[PDB]
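This document opens with one chain alone, in structure tokens, the form solved without the named molecule.
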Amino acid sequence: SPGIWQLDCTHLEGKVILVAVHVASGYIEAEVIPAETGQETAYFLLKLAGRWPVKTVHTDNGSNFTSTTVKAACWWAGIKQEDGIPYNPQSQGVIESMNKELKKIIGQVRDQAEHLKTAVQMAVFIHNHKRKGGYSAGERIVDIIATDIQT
């Protein structure tokens, strides 16, 4: 469970925002891409798994589930690729809520940056630092993974 991530893809300004959520903590990484292809998704997972211990990924849709490039990246990085089917239905709502939160932050900083990608990274910054402890998502992920290392 310290190793489970969920991929999430949302839209804004006719661009695509790919998001990985660390399910246990709510911590995210996100990027702007021109379209969600297998190649983007695979490259994004390679980045994530080099930066956090990614054991399992719940892919956002069936195309990325099926994608050969995605499977190659998952194999390369040691990731157990899974579907992202909400066998707990509160899953669709939690994600939908995140997407709305993120878009609201992106809107609040909209003005401080010329490009959408800068706004998105500002929104990642704010989401990850936001106090619940009240511990933030960033503190939780570190706490979860550190606990896990000492066992």
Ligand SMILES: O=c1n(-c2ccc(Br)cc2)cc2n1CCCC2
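Residue numbers here begin at 1 and follow the sequence given.
Another form exists, solved in complex with the named molecule; not displayed. Remarks below refer to it.
Decide open versus blocked for this chain after superposing the C-alphas round the site and placing the named molecule the way it sits in the deposited complex; the blocked call needs 3+ ligand atoms within 2.4 Å of backbone or C-beta.
Open, going by where the named molecule lands after superposition on the site C-alphas.
Give a yes or no for residue 57: in the deposited complex, does one of its heavy atoms lie within 4.5 Å of a heavy atom belonging to the named molecule?
It does not: once the named molecule is placed as it appears in the deposited complex, residue 57 has no heavy atom within 4.5 Å of it.
With the partner left out here, check for me: in the deposited complex, does some heavy atom of residue 82 sit within 4.5 Å of the named molecule?
Looking in the deposited complex, residue contacts with the named molecule do not include residue 82, since no heavy atom lies within 4.5 Å.
Using a 4.5 Å cut-off on heavy atoms, which residues of 76-96 contact the named molecule in the deposited complex?
Contacting residue: only 94.
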